[PDB]
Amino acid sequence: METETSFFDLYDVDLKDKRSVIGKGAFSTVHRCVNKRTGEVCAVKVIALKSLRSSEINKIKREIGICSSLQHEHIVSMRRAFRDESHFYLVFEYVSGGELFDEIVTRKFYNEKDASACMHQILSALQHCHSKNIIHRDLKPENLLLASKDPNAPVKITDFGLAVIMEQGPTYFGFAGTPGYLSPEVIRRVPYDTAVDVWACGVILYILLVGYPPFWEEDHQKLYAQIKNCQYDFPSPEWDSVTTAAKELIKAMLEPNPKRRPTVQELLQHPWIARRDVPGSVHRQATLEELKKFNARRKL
């Protein structure tokens, strides 16, 4: 990262203007900035250093190393990273399509084939991550973005703040991730690996098909219990119109034991992902309505 040059020397943005703010998070704020030299529109992630403990700062530096190691079409590319005496500035490629789940609910047509295109992009990005021994650890709809408000815009995964680098096989990296997408191995606090990402994909794919998560419980202890014992189902009637290929793919992605869980490469070679005509074609309006309820529920 550039510790000598100021972000404000290479990029232009008024951090005080409201119309510059792309996103407001609890630990950072993402503004729309413009490359002074090239005119490229970018999303800078501003992180004040003020109240930050050392663990948080090194978490950020970890995110910078990992994000710089990653150059893939379906990963939001970090252009450059800056650190001055008060702020981190993580410049990223501009992403204007918003969250994937916020856009699916606005589609007039959505079927398993669309869900398979999304999952294909997510899986390919994950294949690039795991190839470099990177575990995202926190895959969730908030991290699944669309590059543009255009149809057929690419899905890009993002937010590697919780990402870890696995050097020596299954390793304990701590208990992190959002509860609904936590892998059983992480809940058990045993050493884990890239398989945890696969787990989240399963949970995500499930949602992509029906609009509600397989593990939903307000009590996080009963939720972690459901995840450990792999207590989920395909309720009628929503799942009766789903291909058994998708159902089997989710059953595989949600394998309670990481050793029996497919790698992302194996998933990318699954017929529901690789064959353009295995996923169902019928429009799933119920998935869209349930997904509006879901999007509403997670924010609140």
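Start at 1 and count along the sequence shown; that's the residue number.
- Comparing 225-233 with 118-126, the higher mean C-alpha B-factor in the PDB entry belongs to 225-233.
- Stretches 157-165 and 185-193 differ in mean CA B factor, with 185-193 having the higher one.
- Each of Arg260, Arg62, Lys36, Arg32 has a CA temperature factor in the record; the biggest one is found at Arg260.
- Remark: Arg137 belongs to the middle third of its chain, ranked by C-alpha B-factor as recorded.
- In this PDB entry, the Cα temperature factor of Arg284 sits in the bottom third of its chain's modelled residues, the lowest group.
- Remark: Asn58 belongs to the middle third of its chain, ranked by C-alpha B-factor as recorded.
- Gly97: CA B factor in the middle third of modelled residues in this chain (values from the PDB entry).
- Among the modelled residues of the chain, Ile22 sits in the lowest third by CA temperature factor in this PDB entry.
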